[PDB]
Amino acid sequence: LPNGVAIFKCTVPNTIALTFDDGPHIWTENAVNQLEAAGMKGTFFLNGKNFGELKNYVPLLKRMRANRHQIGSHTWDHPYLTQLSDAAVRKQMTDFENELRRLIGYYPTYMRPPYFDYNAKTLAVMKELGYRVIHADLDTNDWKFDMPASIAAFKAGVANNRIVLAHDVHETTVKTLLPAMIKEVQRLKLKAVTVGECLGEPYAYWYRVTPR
């Protein structure tokens, strides 16, 4: 896998990656329990401070890492990265790294730009930092709070699009959309794995430990 190149699709056959942005927050524990009860893994792109704060979810963050879900970076506090200087972009990343390594010991090598906002200057910062940049190809539009519409968009797009974007900070996403997504995955007999696994990259490459 290349660094600093937007990645849109899974490549490993039979695979699906349910991914979740903007957490952790008060519903994430619920979401993780749902995935584990069904034998599935999730990929969670977290912020340092947004809805919740990393330091308030240490046990959850530890189990996410130890149980082989995938933690990715969603920057420290969710700005439009194209509206920042290259130095502040880098600090949006390393600030997140430094807080995760202090609480659970690891920091990620995968990220998703907030609002999918990035240009050639954002990507070179990501390439210098060694990050895989994960977009998506199935947008559930779950932030509109239209659950019938979201569940239907998932069902219509799941055959060809396997990097599924949701936001686990919204109660409706966790209590309504996610059960519908898990059930449809079970019907289609797909393997709900992490984004790295769905790209052919195993656990040893999702994190770094030694500080920069």
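Numbers follow the displayed sequence, beginning with 1.
Taking only CA atoms, the mean B-factor in the PDB entry is higher for 46 to 54 than for the other of 46 to 54 and 174 to 182. Two stretches are in play, 59 to 67 and 151 to 159, and the higher mean C-alpha B-factor belongs to 59 to 67.
Looking at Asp142, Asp86, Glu97, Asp137, the one whose CA carries the top B-factor in the deposited record is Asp86. Annotation for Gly130: CA B-factor lies in the highest third of the chain's modelled residues. Residue-level temperature factors show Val169 in the highest third of its chain, judged at the C-alpha atom. When the CA B factors of the chain's modelled residues are split into thirds, the value for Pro113 lands in the highest one.
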